[PDB]
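Below are the chains, spelled out letter by letter.
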Amino acid sequence: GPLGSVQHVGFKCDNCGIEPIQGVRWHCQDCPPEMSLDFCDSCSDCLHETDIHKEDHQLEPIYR
Amino acid sequence: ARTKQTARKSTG
Ligand SMILES: [Zn+2]
Ligand SMILES: [Zn+2]
């Protein structure tokens, strides 16, 4: 599945709440299984902070 | 955020 068609059916954007990230998945690299954040390509410009998600943590594009 | 459960294949 190429770009514009990568649809992570079961992995929701924490920032806008789309339940499976379509286009490309932006995975939260440092966040743990409990707080297993993900963003959509509309949303990965975000750099929020929680108890565990941080400005020091990393985002990763997924093209499959 | 994960929304799909892991492939546990037990206690459905
Ligand atoms: Zn989003
Ligand atoms: Zn994160």
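Residues numbered from 1 in each chain as written, not as in the entry; some residues may be left out. Chains lettered and ligands numbered in written order. Heavy atoms only, no water.

Per the deposition metadata, solution NMR was the technique used to determine this entry.

Participant: Any chance you could explain the coordination of the zinc ion (ligand 1) here in plain terms?
Facilitator: Reference values for coordination geometry: four tetrahedral donors around a metal ideally subtend 109.5 degrees, six octahedral donors ideally subtend 90 or 180 degrees. All names here are of chain A. Looking at the zinc ion (ligand 1), the protein donor atoms are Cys 13 (SG), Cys 16 (SG), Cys 40 (SG) and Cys 43 (SG), and they sit 2.1 Å from it. Motif for the zinc ion (ligand 1), donor spacing along one chain: C-x2-C-x23-C-x2-C. Given a relative accessible area of 6%, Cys 40 falls into the buried group. Look at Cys 43 and you get buried, because its relative accessible area is 7%. (Donors = N, O, S within 2.8 Å, 3.2 Å for Na, K, Ca; no water. Buried < 20%, exposed > 50% of the residue type's maximum accessible area, 1.4 Å probe, protein only.)

Participant: Please clarify how the coordination of the zinc ion (ligand 2) should be interpreted in this entry.
Facilitator: Residue and element names in this part refer to chain A. Every protein donor of the zinc ion (ligand 2) is accounted for by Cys 28 (SG), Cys 31 (SG), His 53 (ND1) and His 57 (NE2), and the metal-donor separations fall at 2.0 to 2.1 Å. Each of the four donor atoms around the zinc ion (ligand 2) contributes to a set of angles spanning 101 to 124°, which defines the coordination as tetrahedral. Read in sequence order, the donor residues for the zinc ion (ligand 2) give the motif C-x2-C-x21-H-x3-H. Separated by 22 residues along the polypeptide, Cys 31 in the loop between strand 3 (25–28) and strand 4 (38–40) and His 53 in the loop between strand 4 and strand 5 (59–62) bring together distant segments of the chain. (Tetrahedral: all angles 85-135°; square planar, octahedral: opposite > 155°, others 65-115°. Helix = DSSP H or I, 4+ residues; strand = E, 2+ residues; numbered from the N terminus.)

Participant: Looking at this structure, how should I read the interface of chain B and chain A?
Facilitator: Where the parts come together, the accessible area they lose is often given as the size of the interface. Facing four residues of chain B, the contacting portion of chain A comprises nine residues. Interface of chain B and chain A: buried area, both sides summed, is about 530 Å²; carbon and sulfur atoms make up 50% of it. When the area that chain B buries against chain A is broken down by residue, the three leading residues are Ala1(B), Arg2(B) and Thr3(B), summing to 82%. Where chain B meets chain A, there are zero salt bridges. (Contact = heavy atoms within 4.5 Å. Buried area = accessible area lost by both parts, 1.4 Å probe. Salt bridge = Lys/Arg side-chain N within 4 Å of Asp/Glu carboxyl O.)

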